[PDB]
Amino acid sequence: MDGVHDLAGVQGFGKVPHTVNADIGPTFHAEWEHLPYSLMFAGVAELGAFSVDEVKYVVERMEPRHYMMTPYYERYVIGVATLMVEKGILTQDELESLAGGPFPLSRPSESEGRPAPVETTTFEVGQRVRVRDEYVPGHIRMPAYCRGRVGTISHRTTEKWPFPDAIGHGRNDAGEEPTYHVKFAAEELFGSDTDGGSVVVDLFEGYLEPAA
């Protein structure tokens, strides 16, 4: 999903609000902030109602202006609430009744997702790969800065996991794939407009192809 959440490379932001080893305060800065994570885990591990991937996607599905003005932990309150309503566990009415006011949710999904690709390749360390030149309107774990770009394999995972573009839509055809640490030169991603050296993206097998 080419949403506003795909922030890497966007220009115009100011200073990161931190200097090294400055005080970051307690883990939770308000008394409700442990709830979104804890309730996500109840949803995933106790109710079985959704995957973690579905949480990521439902946050991606926040109305874009809504995403941009919402603090981090609140986004996951909104996300988890949205998934509870979508899966038929809760209603929006009961949420707004309990809250005493409006509880707008993430927007409905505009894609049914896609299956784990049938044709993929097992890549080796040192091999050159290109990120597939594909556009996915649903959930994908590929930030757009690397789409179509070439890099080298640094690592093939020794485990495998469900393809996000399926499981993030609660599909039954996510299969399993390893992921690959793909190293890109900074200039491959950003031309001359970078001060860095390399960027390593952890990319599912089904996002990659051999590089010409």
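Throughout, we count residues from 1 along the sequence that is shown.
Novice: Read off the CA B-factors in the entry, average them over 173-181 and over 64-72, and name the higher stretch.
Specialist: Looking at the record's C-alpha B-factors, the answer is 173-181.
Novice: Out of 104-112 and 123-131, which one has CA B-factors that are higher on average in the deposited record?
Specialist: That would be 123-131.
Novice: Looking at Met40, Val59, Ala166, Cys146, which one carries the largest C-alpha B-factor according to the PDB entry?
Specialist: Across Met40, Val59, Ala166, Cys146, the entry lists the biggest C-alpha B-factor for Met40.
Novice: Is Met84 in the lowest, middle or highest third of its chain when residues are ranked by C-alpha B-factor?
Specialist: Middle third of the chain for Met84's C-alpha B-factor.
Novice: Among the modelled residues of its chain, does the C-alpha B-factor of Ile140 lie in the lowest, middle or highest third?
Specialist: Tercile = lowest for this residue's CA B-factor.
Novice: Could you say whether, by C-alpha temperature factor, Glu54 belongs to the lowest, middle or highest third of its chain?
Specialist: According to the entry, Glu54 has a C-alpha B-factor in the chain's lowest third.
Novice: What third of its chain, lowest, middle or highest, does the C-alpha temperature factor of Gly25 fall into?
Specialist: As the PDB entry reports it, the C-alpha B-factor of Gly25 lands in the highest third of its chain.
Novice: Ranking every modelled residue in this chain by its Cα temperature factor as given in the entry, which third contains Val77?
Specialist: According to the entry, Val77 has a C-alpha B-factor in the chain's lowest third.
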